[PDB]
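Quick note, the sequences are listed as chains A and B, same order. Quick note: the first sequence uses the working numbering, first residue 378, plus one each step. Quick note: the second sequence uses the working numbering, first residue 4, plus one each step.
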Amino acid sequence: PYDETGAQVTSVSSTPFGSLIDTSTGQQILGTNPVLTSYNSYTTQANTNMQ
Amino acid sequence: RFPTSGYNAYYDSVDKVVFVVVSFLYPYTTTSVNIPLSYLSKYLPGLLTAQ
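#1: If I measure Cβ to Cβ from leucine 51 of chain B and keep anything under 6 Å in the same chain, skipping five residues before and after, which residues do I get?
#2: If you measure beta-carbon to beta-carbon, which residues of the segment 401–417 of chain A are closer than 7 Å to chain B?
#3: Which residues, in order along the segment 10–37 of chain B, keep a beta-carbon less than 7 Å from a beta-carbon of chain A?
#4: Just grab the DSSP bridge partners of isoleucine 398 of chain A for me.
#5: Taking 8 Å as the CB-CB cut-off, is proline 48 of chain B touching chain A?
#6: Starting from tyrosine 46 of chain B, trace the alpha helix (DSSP H) in both directions and tell me its first and last residue.
#7: Determine whether the Cβ of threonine 52 of chain B lies closer than 8 Å to any Cβ atom of chain A.
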């Protein structure tokens with residue numbers, strides 16, 4: 378892969394959810410999200426209610 | 004007017020606003036005390052994002 382600044386690395390490291398940059402007022406998204414806790418026990422809790 | 008030198012004019016570039024904070028009203032104007040960041044992040048939604 379090729380990284381920012383024109384370096385090349387083998388490594389991937391992902392962006393972490395709850396420390397992204399919003400376009401909502403140019404803010405930062407919360408550390409705890411409904412999507413977060415929904416996935417933090419996805420095994421049941423992704424199956425929600427009707428949805 | 005506020006000082007031309009000897010001040011601090013802070014530039015929140017997330018609401019894009021130039022602000023100055025000064026201790027005013029009763030009782031103490033004389034006895035200057037730094038103003039907190041806490042209630043200012045309320046009233047500017049861009050000190051609720053970044054410095």
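The C-beta atom is built at its ideal place from N, Cα and C for all residues, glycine as well.
Per the coordinate set shown:
#1: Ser44
#2: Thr402, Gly403, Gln404 and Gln405
#3: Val17
#4: Beta-bridge partners assigned by DSSP to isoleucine 398 of chain A: A/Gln405.
#5: yes
#6: 41–46
#7: yes
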